[PDB]
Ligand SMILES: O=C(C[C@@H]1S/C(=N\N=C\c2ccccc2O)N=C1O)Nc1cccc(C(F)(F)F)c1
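Just one chain follows, in the form solved without the ligand, and it is written as structure tokens.
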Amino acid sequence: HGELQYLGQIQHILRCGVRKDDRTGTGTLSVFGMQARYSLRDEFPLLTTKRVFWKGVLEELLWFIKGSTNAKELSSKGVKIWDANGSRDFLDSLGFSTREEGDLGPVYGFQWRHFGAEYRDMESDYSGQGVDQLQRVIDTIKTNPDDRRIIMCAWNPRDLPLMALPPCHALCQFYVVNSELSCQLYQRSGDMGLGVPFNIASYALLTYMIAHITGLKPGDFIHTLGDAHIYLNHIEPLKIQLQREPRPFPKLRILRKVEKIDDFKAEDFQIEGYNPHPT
């Protein structure tokens, strides 16, 4: 049962993780290198032992797909998760005094749609500039499913100093066999308590989107971590969470036939039979 991998990873960090401080100095238990496999066949891995912010997951992903790098554009949809990184104060602390509030720099949206183009600001038109990794991935899946190079890469060493934050999700790779689309994520840093459930849901959702566009069935999502960590103030709550028995995973329904990845709207998606334990 898929959720047990996530719970197993939490268990492994609690027993075997080492004390390690972070950028803030708040401190973590930490393991380097982990891998879980979540099936996507007739099930969607939205974690049940604690409710995941589904709306956040879906809006953030649509925001990525539009190529936006404007925190305000996601904030308008009710999803505040990138606001603090776009605030006047946070931007100033990075030496970006000339930058408009909300401008996160060349993050996910830009990298996925315009890798290697020259970043100016969040409002600039980038049409036909840089590599549209998202579409090349869709195209390669359609014309040459056997290809071992189906990669979308958010890690851009040249652009790192211009970003409000360097991406947690360095890259993902897709794979096709037996009409099934699988995806593997390389996530360099994982907050196991707060980030990871949301992170698992994002890339599972991305895979469902691309599978729908390409006429394939969802296969596996493979979650690979670098620095897998639990914050010390999360140990006691997570101990409570480990006690709960997972309910069956919900399903994800895609409510109409959609032709291009850019056409997906939030209302196209329905989470069915989601039954989480209280927060």
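Basically, rigid core = biggest C-alpha set you can superpose within 1.5 Å across the two forms. Heads up: residue numbers just count along the shown sequence, starting at 1.
Not on display, but discussed next: the form solved in complex with the ligand.
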Please classify the binding site as open or blocked after superposing the ligand from its position in the deposited complex; blocked means at least 3 ligand atoms come within 2.4 Å of backbone or C-beta atoms of this form.
blocked
Any chance all of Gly8, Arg37 and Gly109 sit within 4.5 Å of the ligand in the deposited complex, going by non-hydrogen atoms?
no
Within a 4.5 Å heavy atom cut-off, is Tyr126 in contact with the ligand in the deposited complex?
no
Should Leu74 be classed as touching the ligand in the deposited complex when contacts are defined as heavy atoms within 4.5 Å?
yes
Find out whether any non-hydrogen atom of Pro145 is located within 4.5 angstroms of the ligand in the deposited complex, and reply yes or no.
no
Tell me, yes or no, whether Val52 is in contact with the ligand in the deposited complex, where a contact means a heavy atom of each within 4.5 Å.
yes
With a 4.5 Å heavy atom cut-off to the ligand in the deposited complex, the contacting stretch among 249-257, 29-37, 214-222, 53-61 is 53-61
Could you run down 174-204 and flag each residue that has a heavy atom within 4.5 Å of the ligand in the deposited complex?
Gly193, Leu194, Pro197, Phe198
Among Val176, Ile138, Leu162, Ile151, which is the residue that shifts its C-alpha 2 Å or more between this form and the one not shown, core superposed?
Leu162
Once everything's superposed on the core, is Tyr108 shifted 2 Å or more at the Cα between this form and the one not shown?
yes
Between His169 and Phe53, does the Cα distance in the deposited complex come out closer or farther than in this form, changing by 3 Å or more?
farther
Since the Cα separation of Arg158 and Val57 moves by 3 Å or more in the deposited complex, tell me which way: closer or farther than here.
closer
